[PDB]
file model.csv (CSV, N, CA and C atoms and all ligand atoms)
chain,number,residue,atom,x,y,z
A,22,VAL,N,36.2,43.8,36.0
A,22,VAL,CA,35.9,43.0,37.1
A,22,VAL,C,37.2,42.8,37.9
A,23,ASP,N,37.3,42.6,39.2
A,23,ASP,CA,38.5,41.9,39.8
A,23,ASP,C,38.1,40.5,39.8
A,24,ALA,N,38.4,39.7,38.7
A,24,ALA,CA,37.8,38.4,38.5
A,24,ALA,C,38.4,37.4,39.5
A,25,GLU,N,39.7,37.5,39.6
A,25,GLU,CA,40.5,36.7,40.5
A,25,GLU,C,40.1,37.0,42.0
A,26,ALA,N,40.0,38.2,42.4
A,26,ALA,CA,39.6,38.6,43.7
A,26,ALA,C,38.2,37.9,44.1
A,27,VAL,N,37.3,38.0,43.2
A,27,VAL,CA,36.0,37.4,43.3
A,27,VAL,C,36.2,35.9,43.5
A,28,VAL,N,36.8,35.2,42.6
A,28,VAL,CA,37.1,33.8,42.7
A,28,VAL,C,37.7,33.4,44.0
A,29,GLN,N,38.7,34.2,44.4
A,29,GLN,CA,39.5,34.1,45.6
A,29,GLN,C,38.6,34.3,46.9
A,30,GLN,N,37.4,34.7,46.8
A,30,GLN,CA,36.4,34.7,47.9
A,30,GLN,C,35.1,34.2,47.5
A,31,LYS,N,34.9,33.4,46.4
A,31,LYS,CA,33.6,32.9,46.0
A,31,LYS,C,33.8,31.4,45.5
A,32,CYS,N,34.6,31.2,44.5
A,32,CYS,CA,34.7,29.9,43.9
A,32,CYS,C,35.6,29.0,44.8
A,33,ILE,N,36.7,29.6,45.2
A,33,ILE,CA,37.7,28.9,46.1
A,33,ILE,C,37.0,28.3,47.3
A,34,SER,N,36.0,29.0,47.8
A,34,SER,CA,35.2,28.6,49.0
A,34,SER,C,34.8,27.1,48.9
A,35,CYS,N,34.6,26.5,47.7
A,35,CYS,CA,34.4,25.1,47.5
A,35,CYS,C,35.5,24.5,46.6
A,36,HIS,N,35.8,25.2,45.5
A,36,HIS,CA,36.8,24.7,44.5
A,36,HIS,C,38.2,24.7,45.0
A,37,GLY,N,38.4,25.3,46.2
A,37,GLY,CA,39.7,25.4,46.9
A,37,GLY,C,40.5,26.6,46.4
A,38,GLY,N,41.3,27.2,47.3
A,38,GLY,CA,42.2,28.3,47.0
A,38,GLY,C,42.9,28.1,45.6
A,39,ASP,N,43.2,26.9,45.4
A,39,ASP,CA,44.0,26.4,44.2
A,39,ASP,C,43.2,26.1,43.0
A,40,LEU,N,41.8,26.0,43.1
A,40,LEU,CA,40.9,25.8,42.0
A,40,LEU,C,41.0,24.3,41.5
A,41,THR,N,41.7,23.5,42.3
A,41,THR,CA,42.1,22.1,42.0
A,41,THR,C,41.0,21.2,42.5
A,42,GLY,N,39.9,21.7,43.1
A,42,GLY,CA,38.8,21.0,43.6
A,42,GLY,C,39.1,20.6,45.0
A,43,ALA,N,38.1,20.9,45.9
A,43,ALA,CA,38.2,20.6,47.3
A,43,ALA,C,36.9,20.0,47.7
A,44,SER,N,35.8,20.8,47.9
A,44,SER,CA,34.5,20.4,48.2
A,44,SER,C,33.7,20.3,46.9
A,45,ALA,N,34.3,20.5,45.7
A,45,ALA,CA,33.7,20.6,44.4
A,45,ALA,C,34.8,20.3,43.3
A,46,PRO,N,34.4,20.1,42.1
A,46,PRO,CA,35.3,19.6,41.0
A,46,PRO,C,36.2,20.8,40.6
A,47,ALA,N,37.4,20.4,40.1
A,47,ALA,CA,38.4,21.4,39.8
A,47,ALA,C,38.0,22.2,38.5
A,48,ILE,N,38.0,23.6,38.7
A,48,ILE,CA,37.7,24.5,37.6
A,48,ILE,C,39.0,25.2,37.1
A,49,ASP,N,40.2,24.8,37.6
A,49,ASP,CA,41.5,25.2,37.1
A,49,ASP,C,41.5,25.3,35.6
A,50,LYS,N,41.0,24.2,34.9
A,50,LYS,CA,41.0,24.1,33.5
A,50,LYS,C,39.6,24.2,32.9
A,51,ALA,N,38.7,24.9,33.6
A,51,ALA,CA,37.3,25.0,33.1
A,51,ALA,C,37.3,25.7,31.7
A,52,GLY,N,38.1,26.8,31.6
A,52,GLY,CA,38.2,27.5,30.3
A,52,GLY,C,38.5,26.7,29.1
A,53,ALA,N,39.2,25.5,29.3
A,53,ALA,CA,39.6,24.6,28.3
A,53,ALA,C,38.4,23.6,28.1
A,54,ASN,N,37.8,23.1,29.2
A,54,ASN,CA,36.7,22.2,29.1
A,54,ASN,C,35.5,22.8,28.4
A,55,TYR,N,35.1,24.0,28.8
A,55,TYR,CA,33.9,24.7,28.4
A,55,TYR,C,34.2,26.2,28.1
A,56,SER,N,33.4,26.8,27.2
A,56,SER,CA,33.6,28.2,26.8
A,56,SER,C,33.1,29.1,27.8
A,57,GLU,N,33.5,30.4,27.8
A,57,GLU,CA,33.0,31.4,28.7
A,57,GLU,C,31.5,31.4,28.7
A,58,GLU,N,30.8,31.2,27.5
A,58,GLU,CA,29.4,31.2,27.4
A,58,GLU,C,28.8,30.1,28.4
A,59,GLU,N,29.5,28.9,28.4
A,59,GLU,CA,29.0,27.8,29.2
A,59,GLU,C,29.3,28.1,30.7
A,60,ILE,N,30.6,28.5,31.0
A,60,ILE,CA,31.0,28.7,32.4
A,60,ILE,C,30.2,29.8,33.0
A,61,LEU,N,30.0,30.9,32.3
A,61,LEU,CA,29.2,32.0,32.7
A,61,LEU,C,27.8,31.5,33.1
A,62,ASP,N,27.2,30.7,32.2
A,62,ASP,CA,25.9,30.1,32.4
A,62,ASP,C,26.0,29.3,33.7
A,63,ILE,N,26.9,28.4,33.9
A,63,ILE,CA,27.1,27.6,35.1
A,63,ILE,C,27.2,28.5,36.3
A,64,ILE,N,28.0,29.6,36.3
A,64,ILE,CA,28.1,30.5,37.4
A,64,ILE,C,26.8,31.1,37.8
A,65,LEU,N,26.1,31.6,36.7
A,65,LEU,CA,24.8,32.2,36.8
A,65,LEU,C,23.7,31.3,37.2
A,66,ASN,N,23.7,30.0,36.9
A,66,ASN,CA,22.6,29.1,36.9
A,66,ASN,C,23.0,27.8,37.7
A,67,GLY,N,24.0,28.0,38.5
A,67,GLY,CA,24.8,26.9,39.2
A,67,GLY,C,24.9,25.6,38.4
A,68,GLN,N,24.9,24.5,39.1
A,68,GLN,CA,25.0,23.1,38.6
A,68,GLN,C,25.0,22.1,39.7
A,69,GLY,N,24.3,21.0,39.7
A,69,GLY,CA,24.2,20.0,40.7
A,69,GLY,C,24.2,20.6,42.1
A,70,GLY,N,25.3,20.3,42.9
A,70,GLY,CA,25.4,20.9,44.3
A,70,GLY,C,25.6,22.4,44.3
A,71,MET,N,26.2,22.9,43.3
A,71,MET,CA,26.5,24.3,43.1
A,71,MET,C,25.3,25.2,43.0
A,72,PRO,N,25.0,26.1,44.0
A,72,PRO,CA,23.9,27.0,43.9
A,72,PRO,C,24.1,28.1,42.9
A,73,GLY,N,23.1,28.3,42.0
A,73,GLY,CA,23.2,29.2,40.9
A,73,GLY,C,23.2,30.7,41.4
A,74,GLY,N,24.1,31.5,40.7
A,74,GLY,CA,24.1,32.9,40.9
A,74,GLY,C,25.0,33.2,42.2
A,75,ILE,N,26.0,32.4,42.3
A,75,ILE,CA,27.0,32.6,43.4
A,75,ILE,C,27.6,34.0,43.3
A,76,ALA,N,28.1,34.4,42.0
A,76,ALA,CA,28.4,35.7,41.6
A,76,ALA,C,27.2,36.2,40.7
A,77,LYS,N,26.9,37.5,40.7
A,77,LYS,CA,26.0,38.1,39.8
A,77,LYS,C,26.5,39.5,39.3
A,78,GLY,N,25.9,39.9,38.1
A,78,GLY,CA,26.4,41.1,37.5
A,78,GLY,C,27.7,40.9,36.8
A,79,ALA,N,28.4,41.9,36.4
A,79,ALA,CA,29.7,41.8,35.7
A,79,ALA,C,30.7,40.9,36.4
A,80,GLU,N,30.6,40.8,37.7
A,80,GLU,CA,31.3,39.8,38.5
A,80,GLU,C,31.4,38.5,37.8
A,81,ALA,N,30.2,37.9,37.5
A,81,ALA,CA,30.1,36.5,36.9
A,81,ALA,C,30.8,36.5,35.6
A,82,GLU,N,30.6,37.5,34.7
A,82,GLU,CA,31.2,37.7,33.4
A,82,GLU,C,32.7,37.7,33.6
A,83,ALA,N,33.3,38.6,34.4
A,83,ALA,CA,34.7,38.7,34.6
A,83,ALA,C,35.3,37.4,35.0
A,84,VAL,N,34.6,36.7,36.0
A,84,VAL,CA,35.1,35.4,36.5
A,84,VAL,C,35.1,34.4,35.3
A,85,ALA,N,34.0,34.2,34.6
A,85,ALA,CA,33.9,33.3,33.5
A,85,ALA,C,35.0,33.6,32.5
A,86,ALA,N,35.1,34.8,32.0
A,86,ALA,CA,36.0,35.2,31.0
A,86,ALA,C,37.5,35.0,31.4
A,87,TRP,N,37.8,35.4,32.6
A,87,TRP,CA,39.1,35.2,33.2
A,87,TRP,C,39.4,33.7,33.2
A,88,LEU,N,38.4,32.9,33.7
A,88,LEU,CA,38.5,31.5,33.6
A,88,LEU,C,38.7,31.0,32.2
A,89,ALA,N,38.0,31.5,31.2
A,89,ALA,CA,38.2,31.2,29.8
A,89,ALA,C,39.7,31.2,29.4
A,90,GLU,N,40.4,32.2,29.9
A,90,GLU,CA,41.9,32.3,29.8
A,90,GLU,C,42.6,31.2,30.6
A,91,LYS,N,42.1,30.9,31.8
A,91,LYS,CA,42.7,29.9,32.7
A,91,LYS,C,42.4,28.5,32.2
A,92,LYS,N,43.4,27.8,31.7
A,92,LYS,CA,43.3,26.5,31.1
A,92,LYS,C,44.4,25.6,31.7
B,1,LIG,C1,30.4,25.4,46.6
B,1,LIG,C2,29.0,25.7,47.2
B,1,LIG,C3,30.6,26.0,45.2
B,1,LIG,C4,30.9,27.3,45.0
B,1,LIG,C5,31.1,28.4,46.0
B,1,LIG,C6,31.2,27.4,43.6
B,1,LIG,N1,31.0,26.2,43.0
B,1,LIG,FE1,31.4,25.8,41.0
B,1,LIG,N2,30.7,23.8,41.4
B,1,LIG,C7,30.4,23.3,42.6
B,1,LIG,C8,30.0,21.9,42.4
B,1,LIG,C9,29.6,20.9,43.5
B,1,LIG,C10,30.0,21.6,41.1
B,1,LIG,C11,29.5,20.4,40.4
B,1,LIG,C12,28.0,20.3,40.5
B,1,LIG,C13,27.4,19.0,40.2
B,1,LIG,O1,27.2,18.2,41.2
B,1,LIG,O2,27.2,18.7,39.0
B,1,LIG,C14,30.5,22.8,40.4
B,1,LIG,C15,30.7,22.9,39.0
B,1,LIG,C16,31.2,24.1,38.4
B,1,LIG,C17,31.6,24.1,37.0
B,1,LIG,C18,31.3,23.0,36.0
B,1,LIG,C19,32.2,21.8,36.3
B,1,LIG,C20,31.4,20.5,35.9
B,1,LIG,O3,30.4,20.3,36.6
B,1,LIG,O4,31.8,19.9,34.9
B,1,LIG,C21,32.1,25.4,36.8
B,1,LIG,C22,32.5,25.9,35.4
B,1,LIG,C23,32.1,26.1,38.0
B,1,LIG,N3,31.6,25.3,39.0
B,1,LIG,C24,32.6,27.4,38.2
B,1,LIG,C25,32.5,28.1,39.4
B,1,LIG,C26,32.9,29.4,39.6
B,1,LIG,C27,33.7,30.3,38.7
B,1,LIG,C28,32.6,29.8,40.9
B,1,LIG,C29,32.8,31.1,41.6
B,1,LIG,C30,32.0,32.3,41.0
B,1,LIG,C31,32.0,28.6,41.6
B,1,LIG,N4,32.0,27.6,40.6
B,1,LIG,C32,31.6,28.6,42.9
B,1,LIG,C33,30.4,23.9,43.8
B,1,LIG,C34,30.7,25.3,44.0
call {"tool": "encode", "arguments": {"input": "model.csv", "output": "C-alpha cells"}}
result
Amino acid sequence: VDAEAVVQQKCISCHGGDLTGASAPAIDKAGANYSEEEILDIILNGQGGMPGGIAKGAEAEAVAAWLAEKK
C-alpha cells in the first residue's frame, strides 16, 4: 500500500494533516488504542459520523496496519 499517502488524502481530510484530530478524533495513537483488526474494521465499516469504507481494498489494510505501527 502507500498507506501514508492514502491517509494523507483520506483520513487527514477530517483527522487533520497531523492525525491529531480536527473534524474527528485523533487517530495518531489508534494503533495503541485498538489493534489492526479493529482499526481496519473501523476504516471498512466507519463509526458514528465516519462513513464506512472511506478506503477499500488493500488500501484500508495498509492504512490500518501502518496505523498499528503508529502509536
Ligand atoms: C471524516 C468524514 C472522516 C474521515 C475522512 C475519516 N474519519 Fe476516522 N473518524 C471520524 C469520526 C467522526 C470518528 C468518530 C466517530 C464517532 O462519532 O464515533 C472517527 C473514528 C475513527 C477511529 C476510531 C476512533 C474512536 O472512535 O475511538 C479510527 C481508528 C479511524 N477513525 C480511522 C480512520 C482512518 C485510518 C481513516 C482514513 C482511511 C479515517 N478514519 C477517515 C471521521 C473521519
call {"tool": "residues_near_ligand", "arguments": {"input": "model.csv", "ligand": "ligand LIG 1 (chain B)", "cutoff": "6 Å", "atoms": "all atoms listed in the file", "output": "JSON, numbers by chain"}}
result
{"A": [28, 31, 32, 33, 34, 35, 36, 44, 45, 46, 48, 51, 60, 63, 64, 68, 69, 70, 71, 72, 75, 76, 84, 85]}
call {"tool": "atom_distance", "arguments": {"input": "model.csv", "atom1": "atom N of residue 82 of chain A", "atom2": "atom N of residue 38 of chain A"}}
result
19.5 Å
call {"tool": "select_by_dssp", "arguments": {"input": "model.csv", "residues": "chain A", "states": "alpha helix (DSSP H)", "output": "ChimeraX atom specification"}}
result
/A:24-28,33-36,51-54,57-66,79-90
call {"tool": "residues_around", "arguments": {"input": "model.csv", "residues": "residue 90 of chain A", "least_positions_apart": "2", "cutoff": "12 Å", "atoms": "only C-alpha atoms", "output": "ChimeraX atom specification"}}
result
/A:24-25,48-57,60,83-88,92
call {"tool": "atom_distance", "arguments": {"input": "model.csv", "atom1": "atom N of residue 47 of chain A", "atom2": "atom N of residue 22 of chain A"}}
result
23.8 Å
call {"tool": "atom_distance", "arguments": {"input": "model.csv", "atom1": "atom CA of residue 79 of chain A", "atom2": "atom CA of residue 37 of chain A"}}
result
22.2 Å
call {"tool": "build_atoms", "arguments": {"input": "model.csv", "residues": "segment 55-79 of chain A", "atoms": "N, CA, C and O atoms", "output": "short mmCIF file (atom, residue, chain, number, x, y, z; two decimals), keeping the file's coordinate frame"}}
result
data_model
loop_
_atom_site.label_atom_id
_atom_site.label_comp_id
_atom_site.auth_asym_id
_atom_site.auth_seq_id
_atom_site.Cartn_x
_atom_site.Cartn_y
_atom_site.Cartn_z
N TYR A 55 35.10 24.00 28.80
CA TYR A 55 33.90 24.70 28.40
C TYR A 55 34.20 26.20 28.10
O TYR A 55 35.13 26.74 28.61
N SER A 56 33.40 26.80 27.20
CA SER A 56 33.60 28.20 26.80
C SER A 56 33.10 29.10 27.80
O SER A 56 32.31 28.73 28.69
N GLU A 57 33.50 30.40 27.80
CA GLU A 57 33.00 31.40 28.70
C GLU A 57 31.50 31.40 28.70
O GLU A 57 30.88 31.50 29.76
N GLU A 58 30.80 31.20 27.50
CA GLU A 58 29.40 31.20 27.40
C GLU A 58 28.80 30.10 28.40
O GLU A 58 27.87 30.35 29.11
N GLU A 59 29.50 28.90 28.40
CA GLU A 59 29.00 27.80 29.20
C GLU A 59 29.30 28.10 30.70
O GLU A 59 28.52 27.87 31.59
N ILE A 60 30.60 28.50 31.00
CA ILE A 60 31.00 28.70 32.40
C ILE A 60 30.20 29.80 33.00
O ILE A 60 29.75 29.61 34.13
N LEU A 61 30.00 30.90 32.30
CA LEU A 61 29.20 32.00 32.70
C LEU A 61 27.80 31.50 33.10
O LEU A 61 27.35 31.73 34.17
N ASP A 62 27.20 30.70 32.20
CA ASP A 62 25.90 30.10 32.40
C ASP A 62 26.00 29.30 33.70
O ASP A 62 25.17 29.55 34.64
N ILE A 63 26.90 28.40 33.90
CA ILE A 63 27.10 27.60 35.10
C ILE A 63 27.20 28.50 36.30
O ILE A 63 26.58 28.29 37.34
N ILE A 64 28.00 29.60 36.30
CA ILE A 64 28.10 30.50 37.40
C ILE A 64 26.80 31.10 37.80
O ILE A 64 26.32 31.15 38.91
N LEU A 65 26.10 31.60 36.70
CA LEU A 65 24.80 32.20 36.80
C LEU A 65 23.70 31.30 37.20
O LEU A 65 22.71 31.75 37.83
N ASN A 66 23.70 30.00 36.90
CA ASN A 66 22.60 29.10 36.90
C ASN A 66 23.00 27.80 37.70
O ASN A 66 22.31 26.78 37.61
N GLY A 67 24.00 28.00 38.50
CA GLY A 67 24.80 26.90 39.20
C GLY A 67 24.90 25.60 38.40
O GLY A 67 24.95 25.61 37.21
N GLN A 68 24.90 24.50 39.10
CA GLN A 68 25.00 23.10 38.60
C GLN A 68 25.00 22.10 39.70
O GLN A 68 25.73 22.35 40.71
N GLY A 69 24.30 21.00 39.70
CA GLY A 69 24.20 20.00 40.70
C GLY A 69 24.20 20.60 42.10
O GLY A 69 23.27 21.31 42.53
N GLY A 70 25.30 20.30 42.90
CA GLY A 70 25.40 20.90 44.30
C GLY A 70 25.60 22.40 44.30
O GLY A 70 25.33 23.02 45.33
N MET A 71 26.20 22.90 43.30
CA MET A 71 26.50 24.30 43.10
C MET A 71 25.30 25.20 43.00
O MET A 71 24.53 25.08 42.03
N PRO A 72 25.00 26.10 44.00
CA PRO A 72 23.90 27.00 43.90
C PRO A 72 24.10 28.10 42.90
O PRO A 72 25.11 28.82 42.91
N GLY A 73 23.10 28.30 42.00
CA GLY A 73 23.20 29.20 40.90
C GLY A 73 23.20 30.70 41.40
O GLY A 73 22.49 31.10 42.26
N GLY A 74 24.10 31.50 40.70
CA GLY A 74 24.10 32.90 40.90
C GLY A 74 25.00 33.20 42.20
O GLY A 74 24.64 34.10 42.92
N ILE A 75 26.00 32.40 42.30
CA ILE A 75 27.00 32.60 43.40
C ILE A 75 27.60 34.00 43.30
O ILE A 75 27.70 34.79 44.22
N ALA A 76 28.10 34.40 42.00
CA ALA A 76 28.40 35.70 41.60
C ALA A 76 27.20 36.20 40.70
O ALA A 76 26.57 35.35 40.02
N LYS A 77 26.90 37.50 40.70
CA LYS A 77 26.00 38.10 39.80
C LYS A 77 26.50 39.50 39.30
O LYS A 77 27.35 40.05 39.90
N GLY A 78 25.90 39.90 38.10
CA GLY A 78 26.40 41.10 37.50
C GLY A 78 27.70 40.90 36.80
O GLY A 78 28.11 39.70 36.59
N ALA A 79 28.40 41.90 36.40
CA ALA A 79 29.70 41.80 35.70
C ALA A 79 30.70 40.90 36.40
O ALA A 79 31.60 40.40 35.73
#
